[PDB]
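Peer 1: Sequence plus experimental coordinates follow:
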Amino acid sequence: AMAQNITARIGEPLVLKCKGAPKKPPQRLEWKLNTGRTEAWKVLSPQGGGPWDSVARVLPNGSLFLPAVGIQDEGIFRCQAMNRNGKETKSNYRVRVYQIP
């Protein structure tokens, strides 16, 4: 149980790198985040996109960029992976916007 303290501004673009994929070819990957209501949690795939794809995309280097991080983006983000044996990456980042409700 942990989390990194990161300050952000509402409507301001933010970029972060979420490594994890070993040296082997592009393996599976799953996106998960814990929040009060949770409305950003989306399923990321190496071949396909969803709704969150329009809200935020992943760079070829395994990064993450958001056009404008708002209150909905608040909360804590977490990365995870799925290998043949079931290997997952543990990491939680705490993100908060300037003006809050």
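Peer 2: Perfect, I can see it now. Numbering: from 1, shown residues only.
Peer 1: contacts, neighbours, all on C-alpha from now
Peer 2: Will do.
Peer 1: Can you name the residues bridging to the spatially closest residue to residue 59 that is not a sequence neighbour?
Peer 2: Spatial nearest neighbour of residue 59, chain neighbours left out: residue 65 (7.6 Å); criterion: Cα to Cα, 6 or more residues apart in numbering. The residues listed as beta-bridge partners of residue 65 by DSSP bridges are residue 15, residue 57.
Peer 1: C-alpha coordinates for the strand or helix carrying residue 67, PDB please?
Peer 2: Secondary-structure element containing residue 67, defined by DSSP states H and E: strand 63-69. Output of strand 63-69 as PDB, limited to C-alpha atoms (Å, rounded to 0.1, in the frame of the first residue of the first chain):
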ATOM      1  CA  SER A  63       4.300   6.400 -21.900                       C
ATOM      2  CA  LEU A  64       1.100   8.300 -21.200                       C
ATOM      3  CA  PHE A  65       0.000  11.800 -22.300                       C
ATOM      4  CA  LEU A  66      -3.300  13.600 -21.500                       C
ATOM      5  CA  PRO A  67      -4.600  16.600 -23.600                       C
ATOM      6  CA  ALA A  68      -5.800  18.100 -20.300                       C
ATOM      7  CA  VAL A  69      -5.800  16.500 -16.900                       C
END
